[PDB]
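If you read the protein sequences in the order shown, they are chains A and C. Following PDB author numbering, the numbering of the first sequence begins with 930 at its first residue and continues without gaps. Following PDB author numbering, the numbering of the second sequence begins with 543 at its first residue and continues without gaps.
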Amino acid sequence: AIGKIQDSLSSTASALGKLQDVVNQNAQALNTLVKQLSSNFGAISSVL
Amino acid sequence: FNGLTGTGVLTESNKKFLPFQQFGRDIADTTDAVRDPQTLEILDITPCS
Ligand SMILES: *[C@@H]1O[C@H](CO)[C@@H](O)[C@H](O)[C@H]1NC(C)=O
């Protein structure tokens, strides 16, 4: 059983999807926060 | 640089700007790299520590 868990963890990349989604969601939030600086918000330019 | 005001550290770089490109931009449209209008050389802009 230990060998089977070793083989499954070595073969299936979607086993740790429960942590990969957390990391990806943090990446999406950070990227959205960075990209929101590009919006004009009705002004003449987005560059202060 | 040509009216573009900012604070940062100018270092020698290897980003091959195309001959018609004057300014480089980041994800949040901050000025990443500029070409000097006097001597046609390439420089990064890294904000100070
Ligand atoms: C600035 O001066 C240099 C000579 O020092 C010259 O080669 C260059 O063409 C000048 N810049 C422009 C935009 O003409």
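The C-beta atom is built at its ideal place from N, Cα and C for all residues, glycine as well.
In terms of side-chain proximity, the C-beta atom of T961/A is found no nearer than 8 Å to any non-hydrogen atom of ligand 1. For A944/A, no beta strand (DSSP E) segment is defined, and its DSSP state is neither H nor E. Taking 8 Å as the upper bound for CB-CB distance, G545/C and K557/C are not in contact here, some 22 Å apart. DSSP places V551/C inside the beta strand (DSSP E), whose first and last residues are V551 to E554. The Cβ neighbour count for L585/C, taken over all protein chains shown within 10 Å, is at least 16; the residue is labelled buried.
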